[PDB]
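Presented below is the structure to which this report refers.
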Amino acid sequence: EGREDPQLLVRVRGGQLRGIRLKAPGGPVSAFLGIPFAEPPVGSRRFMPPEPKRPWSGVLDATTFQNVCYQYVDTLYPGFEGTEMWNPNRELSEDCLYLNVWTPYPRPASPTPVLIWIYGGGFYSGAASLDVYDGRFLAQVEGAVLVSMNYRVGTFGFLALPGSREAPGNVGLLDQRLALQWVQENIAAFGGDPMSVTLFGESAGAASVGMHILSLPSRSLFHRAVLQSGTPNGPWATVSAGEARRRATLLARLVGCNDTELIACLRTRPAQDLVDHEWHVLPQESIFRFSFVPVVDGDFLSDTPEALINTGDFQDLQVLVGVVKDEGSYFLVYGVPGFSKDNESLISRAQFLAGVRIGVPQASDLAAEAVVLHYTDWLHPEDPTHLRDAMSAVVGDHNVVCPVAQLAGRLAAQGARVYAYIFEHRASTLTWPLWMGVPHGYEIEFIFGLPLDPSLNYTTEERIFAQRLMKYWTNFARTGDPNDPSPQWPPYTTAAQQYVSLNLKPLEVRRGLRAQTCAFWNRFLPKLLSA
Ligand SMILES: *[C@@H]1O[C@H](CO)[C@@H](O)[C@H](O)[C@H]1NC(C)=O
Ligand SMILES: *[C@@H]1O[C@H](CO)[C@@H](O)[C@H](O)[C@H]1NC(C)=O
């Protein structure tokens, strides 16, 4: 100490930290990156619930992002920014339980509302250090205290032998919870208000948020919640204990392995070997399905998310939820024949029927025909453009839009204050093809205010747009109302089903979140599948 920037030295429960002055377009922010919050979940701790980080001595340097949790690395389009932006940007390691904090510079004088980000990536990938999660803009422009944590994904985070001691399941979610607890105890040191904590996340991050809402021990740890393009209910975010057990033992076999001994063998395997077989345990050929996700353990999750939302009391809850215009397009190039980023992906009626079986992998023959019947345009049954887009809609509706619809409806019917949106602006910088429209994941860069960074080549209108969204999100975190005390954003209600469009145009209000089609997925399909 002595000749150091006095405004970057901070103490937390575990010890002393030195952070970094970062440049944002409109001025400096304080960043504290790679703060450990758990004991490394390595060796005999693999598959185990996280234990809190033991205090250290000296000044921990907190000026760079820490390791990314060990994970699958995408290879579909090597070199292509559209896929690479989501790939790990620091060394892969099982020792990865660290978190990040951005705050105004100098730090806030009064207690500031805290946003906590939880990244998505199907519960098998992701990292808080990605460029699209850069907190400097929300910190600098809105004066937010922003926190984001790494959590274990894949087998390391979610492989479960339900009931066992050595692999209880959901430890990735416990990593998240431990970091929420860390914020409660320590965020005041940075000027953050522990009594105003809003969770937000996208895709599996969104599902994670939803699960914290549904799990009592997390409830005391936050006050409001944003769920972007993801839900804890729906077909991909959880598996039953039986299915978890089945996938865990299959994967053990594949790598050469009484729960205790099985798990102990798994713990002897190099991280990379587990990753190399993680995609080989899915029950059917599929897209938008992930091998190791939260399990219904009857503990963290006392029952299925469907049951928990259908019956829970949510009077104290304020939630913001929404979707992008083309939730499904992204996923089609990852396993539906006929789809590519490199061409128009016009497909035949045959490819559409085949796409449906892969897109709705759990459907019986009858259920799948119902899907094809509903989505077919009977004026143009064979039109390759309609079919391409209908395949997208099937995947988007089944996995995101309708699970979101069910969530908003149940939450509202049961006391929560809900705001709902659809994001419809396509980044002028998007590198995916036009046919994909506004794909899943591509609102995030706007919510975090990347267009304010002049070197990123967004349009002036995109810059203004981003600022608006930053205002909505931070207003909602601040007050539980996106609106600024300009057209208004009404709550979503069972009776009016109102939501807003988010684009370059001023807020426009709409009614019914795919009401008709979602009745099919949410009300009819369940009944049909039995049997
Ligand atoms: C686009 O690419 C995919 C995969 O290479 C291919 O199957 C399909 O035939 C192509 N579409 C057209 C109409 O050229
Ligand atoms: C932005 O535009 C300039 C000028 O064309 C270009 O040289 C630069 O690489 C661009 N940056 C990005 C990331 O698009």
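Just remember, in the structure tokens the first chain shown is A, the second B, etc., residues are 1-based per chain, and ligands are 1-based in the order shown.
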
Problem set entry | Within 9 Å of ligand 1, counting only C-alpha atoms and all ligand atoms, residues as a ChimeraX atom specification | /A:333,337-347,384

Problem set entry | Nearby polymer residues, ligand 2, at most 9 Å, only C-alpha atoms and all ligand atoms, as a list in words |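 Here is the list of contacting residues: residues 429, 454, 455, 456, 457 and 458 of chain A.
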
Requested write-out: C-alpha atoms of the selected residues, as a PDB file, in the first residue's frame:
ATOM      1  CA  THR A 429     -23.642  -5.949 -36.244  1.00  0.00           C
ATOM      2  CA  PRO A 454     -17.914   3.733 -29.976  1.00  0.00           C
ATOM      3  CA  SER A 455     -15.365   1.216 -31.279  1.00  0.00           C
ATOM      4  CA  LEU A 456     -18.096  -1.435 -31.644  1.00  0.00           C
ATOM      5  CA  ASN A 457     -19.637   0.242 -34.688  1.00  0.00           C
ATOM      6  CA  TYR A 458     -23.290   0.179 -33.586  1.00  0.00           C
TER       7      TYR A 458
END

Exercise. Quick one: residues within 8 Å of region 215-224 of chain A, only C-alpha atoms counted, chain neighbours fewer than 2 positions away excluded, as a ChimeraX atom specification?
Worked result: /A:177,180-181,184,195-199,211-213,226,300-302,317-319,477,480

Selection above as a file: N, CA, C and O atoms, as a PDB file, in the first residue's frame:
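Done, and the output landed in selection-v5.pdb:
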ATOM      1  N   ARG A 177     -26.029 -19.779  -5.343  1.00  0.00           N
ATOM      2  CA  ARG A 177     -26.548 -19.369  -4.039  1.00  0.00           C
ATOM      3  C   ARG A 177     -25.439 -18.869  -3.105  1.00  0.00           C
ATOM      4  O   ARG A 177     -25.616 -17.880  -2.399  1.00  0.00           O
ATOM      5  N   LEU A 180     -24.697 -15.417  -4.012  1.00  0.00           N
ATOM      6  CA  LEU A 180     -25.730 -14.486  -3.553  1.00  0.00           C
ATOM      7  C   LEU A 180     -25.527 -14.158  -2.072  1.00  0.00           C
ATOM      8  O   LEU A 180     -25.769 -13.029  -1.651  1.00  0.00           O
ATOM      9  N   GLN A 181     -25.090 -15.154  -1.301  1.00  0.00           N
ATOM     10  CA  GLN A 181     -24.844 -14.993   0.125  1.00  0.00           C
ATOM     11  C   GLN A 181     -23.643 -14.079   0.317  1.00  0.00           C
ATOM     12  O   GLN A 181     -23.646 -13.196   1.176  1.00  0.00           O
ATOM     13  N   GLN A 184     -24.747 -10.567   0.014  1.00  0.00           N
ATOM     14  CA  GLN A 184     -25.418 -10.127   1.237  1.00  0.00           C
ATOM     15  C   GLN A 184     -24.423  -9.663   2.297  1.00  0.00           C
ATOM     16  O   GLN A 184     -24.596  -8.601   2.880  1.00  0.00           O
ATOM     17  N   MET A 195     -30.017  -4.770   0.611  1.00  0.00           N
ATOM     18  CA  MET A 195     -31.468  -4.836   0.775  1.00  0.00           C
ATOM     19  C   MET A 195     -32.196  -4.475  -0.518  1.00  0.00           C
ATOM     20  O   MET A 195     -33.427  -4.451  -0.575  1.00  0.00           O
ATOM     21  N   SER A 196     -31.418  -4.203  -1.558  1.00  0.00           N
ATOM     22  CA  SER A 196     -31.962  -4.056  -2.896  1.00  0.00           C
ATOM     23  C   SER A 196     -31.121  -4.858  -3.900  1.00  0.00           C
ATOM     24  O   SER A 196     -30.263  -4.301  -4.605  1.00  0.00           O
ATOM     25  N   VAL A 197     -31.366  -6.169  -3.940  1.00  0.00           N
ATOM     26  CA  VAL A 197     -30.672  -7.088  -4.847  1.00  0.00           C
ATOM     27  C   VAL A 197     -31.618  -7.702  -5.884  1.00  0.00           C
ATOM     28  O   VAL A 197     -32.575  -8.411  -5.539  1.00  0.00           O
ATOM     29  N   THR A 198     -31.345  -7.423  -7.155  1.00  0.00           N
ATOM     30  CA  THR A 198     -32.143  -7.940  -8.266  1.00  0.00           C
ATOM     31  C   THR A 198     -31.335  -8.964  -9.060  1.00  0.00           C
ATOM     32  O   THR A 198     -30.243  -8.656  -9.540  1.00  0.00           O
ATOM     33  N   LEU A 199     -31.851 -10.184  -9.184  1.00  0.00           N
ATOM     34  CA  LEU A 199     -31.223 -11.177 -10.054  1.00  0.00           C
ATOM     35  C   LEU A 199     -31.639 -10.961 -11.506  1.00  0.00           C
ATOM     36  O   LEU A 199     -32.798 -10.659 -11.782  1.00  0.00           O
ATOM     37  N   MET A 211     -35.284 -20.660 -10.581  1.00  0.00           N
ATOM     38  CA  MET A 211     -35.138 -21.684  -9.567  1.00  0.00           C
ATOM     39  C   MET A 211     -34.845 -21.116  -8.196  1.00  0.00           C
ATOM     40  O   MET A 211     -35.230 -21.702  -7.183  1.00  0.00           O
ATOM     41  N   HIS A 212     -34.158 -19.979  -8.167  1.00  0.00           N
ATOM     42  CA  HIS A 212     -33.914 -19.283  -6.915  1.00  0.00           C
ATOM     43  C   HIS A 212     -35.215 -18.732  -6.323  1.00  0.00           C
ATOM     44  O   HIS A 212     -35.401 -18.736  -5.110  1.00  0.00           O
ATOM     45  N   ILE A 213     -36.102 -18.257  -7.192  1.00  0.00           N
ATOM     46  CA  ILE A 213     -37.448 -17.896  -6.793  1.00  0.00           C
ATOM     47  C   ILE A 213     -38.183 -19.090  -6.170  1.00  0.00           C
ATOM     48  O   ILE A 213     -38.911 -18.940  -5.197  1.00  0.00           O
ATOM     49  N   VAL A 226     -35.260 -10.754 -12.911  1.00  0.00           N
ATOM     50  CA  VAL A 226     -35.444 -10.673 -14.351  1.00  0.00           C
ATOM     51  C   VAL A 226     -35.082 -12.008 -15.028  1.00  0.00           C
ATOM     52  O   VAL A 226     -34.010 -12.571 -14.788  1.00  0.00           O
ATOM     53  N   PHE A 300     -33.284 -28.823  -3.002  1.00  0.00           N
ATOM     54  CA  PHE A 300     -33.234 -27.525  -3.676  1.00  0.00           C
ATOM     55  C   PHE A 300     -34.561 -27.296  -4.396  1.00  0.00           C
ATOM     56  O   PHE A 300     -35.135 -26.218  -4.335  1.00  0.00           O
ATOM     57  N   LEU A 301     -35.036 -28.322  -5.087  1.00  0.00           N
ATOM     58  CA  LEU A 301     -36.313 -28.245  -5.774  1.00  0.00           C
ATOM     59  C   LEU A 301     -37.271 -29.246  -5.149  1.00  0.00           C
ATOM     60  O   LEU A 301     -37.194 -30.438  -5.435  1.00  0.00           O
ATOM     61  N   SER A 302     -38.174 -28.761  -4.303  1.00  0.00           N
ATOM     62  CA  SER A 302     -39.028 -29.651  -3.525  1.00  0.00           C
ATOM     63  C   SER A 302     -39.951 -30.475  -4.419  1.00  0.00           C
ATOM     64  O   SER A 302     -40.347 -31.586  -4.067  1.00  0.00           O
ATOM     65  N   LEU A 317     -43.505 -10.718  -4.938  1.00  0.00           N
ATOM     66  CA  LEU A 317     -42.565 -10.835  -6.049  1.00  0.00           C
ATOM     67  C   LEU A 317     -42.780  -9.838  -7.182  1.00  0.00           C
ATOM     68  O   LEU A 317     -43.889  -9.679  -7.685  1.00  0.00           O
ATOM     69  N   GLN A 318     -41.705  -9.176  -7.586  1.00  0.00           N
ATOM     70  CA  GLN A 318     -41.743  -8.406  -8.822  1.00  0.00           C
ATOM     71  C   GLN A 318     -40.775  -9.011  -9.842  1.00  0.00           C
ATOM     72  O   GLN A 318     -39.590  -9.196  -9.566  1.00  0.00           O
ATOM     73  N   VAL A 319     -41.305  -9.345 -11.011  1.00  0.00           N
ATOM     74  CA  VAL A 319     -40.536 -10.044 -12.023  1.00  0.00           C
ATOM     75  C   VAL A 319     -40.662  -9.358 -13.368  1.00  0.00           C
ATOM     76  O   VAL A 319     -41.730  -8.883 -13.748  1.00  0.00           O
ATOM     77  N   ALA A 477     -34.906  -2.662 -11.244  1.00  0.00           N
ATOM     78  CA  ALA A 477     -34.081  -3.106 -10.121  1.00  0.00           C
ATOM     79  C   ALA A 477     -34.265  -2.150  -8.955  1.00  0.00           C
ATOM     80  O   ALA A 477     -34.415  -2.585  -7.805  1.00  0.00           O
ATOM     81  N   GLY A 480     -38.798  -1.884  -8.848  1.00  0.00           N
ATOM     82  CA  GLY A 480     -39.719  -2.949  -9.212  1.00  0.00           C
ATOM     83  C   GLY A 480     -40.696  -2.509 -10.286  1.00  0.00           C
ATOM     84  O   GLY A 480     -41.727  -3.148 -10.495  1.00  0.00           O
TER      85      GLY A 480
END

For this session: Extract, using only C-alpha atoms, all DNA, RNA and protein residues at most 10 Å from residue 422 (chain A), discarding same-chain residues fewer than 6 positions from it, and format them as a ChimeraX atom specification.
Result: /A:228-229,321-326,401,443,499-503,510,513

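Every protein, DNA or RNA residue with an atom at most 10 Å from region 373-376 of chain A, where only C-alpha atoms count and chain neighbours fewer than 2 positions away do not, is listed here: residues 349, 352, 367, 368, 369, 370, 371, 378, 379, 380, 381, 382, 383, 386, 387, 389, 390, 391, 393, 394, 517 and 520 of chain A.
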
Expected file contents, prior selection, N, CA, C and O atoms, as a short mmCIF file (atom, residue, chain, number, x, y, z; two decimals), in the first residue's frame:
data_model
loop_
_atom_site.label_atom_id
_atom_site.label_comp_id
_atom_site.auth_asym_id
_atom_site.auth_seq_id
_atom_site.Cartn_x
_atom_site.Cartn_y
_atom_site.Cartn_z
N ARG A 349 -40.86 -30.30 -47.02
CA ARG A 349 -41.83 -30.74 -46.06
C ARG A 349 -41.30 -31.96 -45.32
O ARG A 349 -41.62 -32.17 -44.15
N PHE A 352 -38.96 -30.88 -42.68
CA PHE A 352 -39.74 -30.29 -41.60
C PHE A 352 -40.28 -31.35 -40.63
O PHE A 352 -40.10 -31.25 -39.42
N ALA A 367 -48.41 -36.93 -31.06
CA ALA A 367 -48.09 -35.57 -30.61
C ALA A 367 -47.31 -34.79 -31.67
O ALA A 367 -47.56 -33.61 -31.90
N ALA A 368 -46.37 -35.46 -32.32
CA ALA A 368 -45.59 -34.83 -33.37
C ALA A 368 -46.47 -34.45 -34.56
O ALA A 368 -46.30 -33.37 -35.13
N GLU A 369 -47.39 -35.32 -34.96
CA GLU A 369 -48.33 -34.98 -36.03
C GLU A 369 -49.17 -33.78 -35.63
O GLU A 369 -49.44 -32.90 -36.46
N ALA A 370 -49.59 -33.73 -34.37
CA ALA A 370 -50.32 -32.55 -33.90
C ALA A 370 -49.48 -31.29 -34.12
O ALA A 370 -49.98 -30.27 -34.58
N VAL A 371 -48.18 -31.37 -33.82
CA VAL A 371 -47.31 -30.22 -33.98
C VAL A 371 -47.25 -29.80 -35.45
O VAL A 371 -47.41 -28.63 -35.78
N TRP A 378 -51.67 -24.36 -44.32
CA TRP A 378 -52.40 -25.23 -45.24
C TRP A 378 -52.78 -24.57 -46.56
O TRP A 378 -53.27 -25.23 -47.47
N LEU A 379 -52.53 -23.27 -46.67
CA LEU A 379 -52.57 -22.62 -47.97
C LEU A 379 -51.29 -22.86 -48.78
O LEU A 379 -51.29 -22.75 -50.01
N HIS A 380 -50.19 -23.16 -48.09
CA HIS A 380 -48.90 -23.34 -48.75
C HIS A 380 -48.06 -24.43 -48.09
O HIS A 380 -46.90 -24.21 -47.75
N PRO A 381 -48.63 -25.63 -47.94
CA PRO A 381 -48.08 -26.75 -47.17
C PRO A 381 -46.64 -27.11 -47.52
O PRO A 381 -45.98 -27.75 -46.70
N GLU A 382 -46.18 -26.72 -48.71
CA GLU A 382 -44.90 -27.20 -49.24
C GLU A 382 -43.90 -26.07 -49.43
O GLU A 382 -42.77 -26.31 -49.87
N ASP A 383 -44.32 -24.85 -49.13
CA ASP A 383 -43.46 -23.69 -49.27
C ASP A 383 -42.21 -23.77 -48.36
O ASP A 383 -42.32 -23.79 -47.14
N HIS A 386 -41.84 -20.87 -45.63
CA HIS A 386 -42.73 -21.02 -44.50
C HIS A 386 -42.22 -22.15 -43.62
O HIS A 386 -42.13 -22.01 -42.41
N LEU A 387 -41.90 -23.28 -44.24
CA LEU A 387 -41.43 -24.45 -43.50
C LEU A 387 -40.15 -24.16 -42.69
O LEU A 387 -40.07 -24.51 -41.53
N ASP A 389 -39.23 -21.26 -41.50
CA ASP A 389 -39.63 -20.40 -40.39
C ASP A 389 -40.52 -21.11 -39.39
O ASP A 389 -40.51 -20.79 -38.22
N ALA A 390 -41.29 -22.08 -39.86
CA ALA A 390 -42.17 -22.80 -38.95
C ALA A 390 -41.36 -23.73 -38.06
O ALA A 390 -41.68 -23.92 -36.88
N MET A 391 -40.30 -24.31 -38.63
CA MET A 391 -39.39 -25.14 -37.86
C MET A 391 -38.77 -24.30 -36.73
O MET A 391 -38.69 -24.75 -35.59
N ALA A 393 -40.08 -21.59 -35.33
CA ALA A 393 -41.16 -21.29 -34.40
C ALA A 393 -41.48 -22.46 -33.48
O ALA A 393 -41.76 -22.27 -32.29
N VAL A 394 -41.45 -23.68 -34.02
CA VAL A 394 -41.68 -24.87 -33.21
C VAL A 394 -40.69 -24.92 -32.05
O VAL A 394 -41.07 -25.07 -30.89
N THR A 517 -51.39 -20.34 -29.92
CA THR A 517 -50.41 -21.41 -30.05
C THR A 517 -49.97 -21.95 -28.69
O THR A 517 -49.79 -23.16 -28.52
N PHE A 520 -51.99 -24.58 -27.18
CA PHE A 520 -51.68 -25.88 -27.73
C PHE A 520 -50.56 -26.55 -26.93
O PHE A 520 -50.72 -27.69 -26.49
#

Problem set entry | Among the residues A:237, A:97, A:252, A:62, the one that comes closest to residue 124 (chain A) [using only C-alpha atoms] |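 Closest residue, counting only C-alpha atoms: A:237.
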
Exercise. Interatomic distance between CA of residue 151 (chain A) and CA of residue 307 (chain A)?
Worked result: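 Straight-line distance from CA of residue 151 (chain A) to CA of residue 307 (chain A) works out to 26.1 Å.
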
For this session: Pick out each residue of region 258-376 of chain A that DSSP on the backbone tags as strand (DSSP E); I need them as an MDAnalysis selection string.
Result: chainID A and resid 318:324

Go ahead and save the residues from that selection, with N, CA, C and O atoms, as a PDB file, in the first residue's frame.
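New file selection27.pdb:
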ATOM      1  N   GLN A 318     -41.705  -9.176  -7.586  1.00  0.00           N
ATOM      2  CA  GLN A 318     -41.743  -8.406  -8.822  1.00  0.00           C
ATOM      3  C   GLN A 318     -40.775  -9.011  -9.842  1.00  0.00           C
ATOM      4  O   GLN A 318     -39.590  -9.196  -9.566  1.00  0.00           O
ATOM      5  N   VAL A 319     -41.305  -9.345 -11.011  1.00  0.00           N
ATOM      6  CA  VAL A 319     -40.536 -10.044 -12.023  1.00  0.00           C
ATOM      7  C   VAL A 319     -40.662  -9.358 -13.368  1.00  0.00           C
ATOM      8  O   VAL A 319     -41.730  -8.883 -13.748  1.00  0.00           O
ATOM      9  N   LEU A 320     -39.545  -9.275 -14.074  1.00  0.00           N
ATOM     10  CA  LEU A 320     -39.548  -8.863 -15.466  1.00  0.00           C
ATOM     11  C   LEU A 320     -39.165 -10.090 -16.305  1.00  0.00           C
ATOM     12  O   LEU A 320     -38.196 -10.778 -15.988  1.00  0.00           O
ATOM     13  N   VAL A 321     -39.944 -10.382 -17.346  1.00  0.00           N
ATOM     14  CA  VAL A 321     -39.725 -11.568 -18.175  1.00  0.00           C
ATOM     15  C   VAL A 321     -39.966 -11.228 -19.624  1.00  0.00           C
ATOM     16  O   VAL A 321     -40.785 -10.365 -19.923  1.00  0.00           O
ATOM     17  N   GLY A 322     -39.282 -11.916 -20.531  1.00  0.00           N
ATOM     18  CA  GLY A 322     -39.493 -11.675 -21.947  1.00  0.00           C
ATOM     19  C   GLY A 322     -38.730 -12.598 -22.872  1.00  0.00           C
ATOM     20  O   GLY A 322     -38.002 -13.486 -22.432  1.00  0.00           O
ATOM     21  N   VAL A 323     -38.891 -12.369 -24.169  1.00  0.00           N
ATOM     22  CA  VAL A 323     -38.334 -13.250 -25.182  1.00  0.00           C
ATOM     23  C   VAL A 323     -37.804 -12.410 -26.321  1.00  0.00           C
ATOM     24  O   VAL A 323     -38.112 -11.224 -26.411  1.00  0.00           O
ATOM     25  N   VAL A 324     -36.983 -13.008 -27.177  1.00  0.00           N
ATOM     26  CA  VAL A 324     -36.587 -12.354 -28.423  1.00  0.00           C
ATOM     27  C   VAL A 324     -37.518 -12.854 -29.534  1.00  0.00           C
ATOM     28  O   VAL A 324     -38.245 -13.838 -29.350  1.00  0.00           O
TER      29      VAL A 324
END

Exercise. Pick from A:116, A:445, A:243, A:30: nearest to residue 430 (chain A), with only C-alpha atoms counted?
Worked result: A:445

Problem set entry | Long-range neighbours of residue 188 (chain A) as a VMD selection string, 8 Å cut-off, only C-alpha atoms, 5 positions minimum in chain | chain A and resid 111 193 to 194

Generate a file of the selected residues that holds N, CA and C atoms, formatted as a compact mmCIF listing (two decimals), in the first residue's frame.
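And here is the file that came out, result-v4.txt:
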# COMPACT_ATOMS: atom_id res chain seq x y z
N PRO A 111 -26.01 3.81 -0.25
CA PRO A 111 -26.20 2.40 -0.65
C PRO A 111 -26.91 2.27 -1.99
N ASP A 193 -26.19 -1.91 -1.90
CA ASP A 193 -27.25 -2.11 -0.91
C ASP A 193 -27.72 -3.56 -0.90
N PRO A 194 -27.38 -4.30 0.16
CA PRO A 194 -27.79 -5.71 0.28
C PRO A 194 -29.31 -5.86 0.36

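Counting only C-alpha atoms, the residue from A:241, A:130, A:9, A:149 that sits nearest to residue 36 (chain A) is A:149.
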
Problem set entry | DSSP alpha helix (DSSP H) residues within region 229-403 of chain A, as a ChimeraX atom specification | /A:241-255,259-266,271-277,305-311,329-332,349-359,365-375,384-396,402-403

For this session: Would you mind telling me which residue in A:137, A:86, A:156, A:419 lies nearest to residue 48 (chain A) when using only C-alpha atoms?
Result: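 Closest residue, counting only C-alpha atoms: A:156.
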
For this session: For residue 446 (chain A), please output as a VMD selection string all residues within 12 Å (counting only C-alpha atoms; exclusion window: fewer than 4 positions along the same chain).
Result: chain A and resid 132 to 135 137 to 138 423 to 429 441 to 442 450 to 453 456 458 to 459 461 to 473 502 to 504

Could you write out that same residue set with C-alpha atoms as a PDB file, in the first residue's frame?
ATOM      1  CA  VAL A 132     -21.253  -9.311 -23.657  1.00  0.00           C
ATOM      2  CA  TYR A 133     -21.504  -9.384 -19.869  1.00  0.00           C
ATOM      3  CA  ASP A 134     -19.225  -6.344 -19.367  1.00  0.00           C
ATOM      4  CA  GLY A 135     -20.611  -4.412 -16.393  1.00  0.00           C
ATOM      5  CA  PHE A 137     -21.595   0.482 -18.872  1.00  0.00           C
ATOM      6  CA  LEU A 138     -24.387  -0.202 -16.357  1.00  0.00           C
ATOM      7  CA  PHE A 423     -37.277  -7.953 -27.997  1.00  0.00           C
ATOM      8  CA  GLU A 424     -37.474  -7.337 -31.760  1.00  0.00           C
ATOM      9  CA  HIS A 425     -34.436  -5.376 -32.837  1.00  0.00           C
ATOM     10  CA  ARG A 426     -31.712  -7.165 -34.796  1.00  0.00           C
ATOM     11  CA  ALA A 427     -28.187  -5.900 -34.073  1.00  0.00           C
ATOM     12  CA  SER A 428     -26.844  -4.059 -37.107  1.00  0.00           C
ATOM     13  CA  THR A 429     -23.642  -5.949 -36.244  1.00  0.00           C
ATOM     14  CA  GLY A 441     -29.103 -14.353 -26.918  1.00  0.00           C
ATOM     15  CA  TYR A 442     -28.920 -11.144 -28.968  1.00  0.00           C
ATOM     16  CA  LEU A 450     -22.231  -2.340 -25.481  1.00  0.00           C
ATOM     17  CA  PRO A 451     -23.436   0.016 -28.217  1.00  0.00           C
ATOM     18  CA  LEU A 452     -22.203   2.934 -26.043  1.00  0.00           C
ATOM     19  CA  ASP A 453     -18.669   1.761 -26.822  1.00  0.00           C
ATOM     20  CA  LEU A 456     -18.096  -1.435 -31.644  1.00  0.00           C
ATOM     21  CA  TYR A 458     -23.290   0.179 -33.586  1.00  0.00           C
ATOM     22  CA  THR A 459     -25.608   2.858 -34.977  1.00  0.00           C
ATOM     23  CA  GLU A 461     -30.006   4.799 -32.887  1.00  0.00           C
ATOM     24  CA  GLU A 462     -28.786   1.531 -31.368  1.00  0.00           C
ATOM     25  CA  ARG A 463     -26.868   3.618 -28.845  1.00  0.00           C
ATOM     26  CA  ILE A 464     -30.038   5.461 -27.845  1.00  0.00           C
ATOM     27  CA  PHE A 465     -31.954   2.184 -27.823  1.00  0.00           C
ATOM     28  CA  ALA A 466     -29.423   0.572 -25.469  1.00  0.00           C
ATOM     29  CA  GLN A 467     -29.654   3.514 -23.073  1.00  0.00           C
ATOM     30  CA  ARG A 468     -33.447   3.107 -22.971  1.00  0.00           C
ATOM     31  CA  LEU A 469     -33.196  -0.582 -22.090  1.00  0.00           C
ATOM     32  CA  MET A 470     -30.527   0.154 -19.495  1.00  0.00           C
ATOM     33  CA  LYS A 471     -33.031   2.614 -17.982  1.00  0.00           C
ATOM     34  CA  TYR A 472     -35.849   0.013 -17.923  1.00  0.00           C
ATOM     35  CA  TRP A 473     -33.731  -2.654 -16.285  1.00  0.00           C
ATOM     36  CA  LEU A 502     -38.719  -3.437 -27.414  1.00  0.00           C
ATOM     37  CA  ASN A 503     -37.228  -1.894 -30.546  1.00  0.00           C
ATOM     38  CA  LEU A 504     -36.022   1.395 -32.044  1.00  0.00           C
TER      39      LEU A 504
END

Exercise. From the set A:256, A:230, A:415, A:79, which residue has the shortest atom-to-atom contact distance to residue 440 (chain A), counting only C-alpha atoms?
Worked result: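 Of A:256, A:230, A:415, A:79, the one nearest residue 440 (chain A), counting only C-alpha atoms, is A:230.
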
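With only C-alpha atoms as the basis for measurement, A:153 is the residue among A:43, A:3, A:529, A:153 that approaches residue 69 (chain A) most closely.
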
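If you look at CA of residue 15 (chain A) and CA of residue 58 (chain A), they are 7.3 Å away from each other.
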
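Interatomic distance, CA of residue 436 (chain A) to CA of residue 366 (chain A): 28.7 Å.
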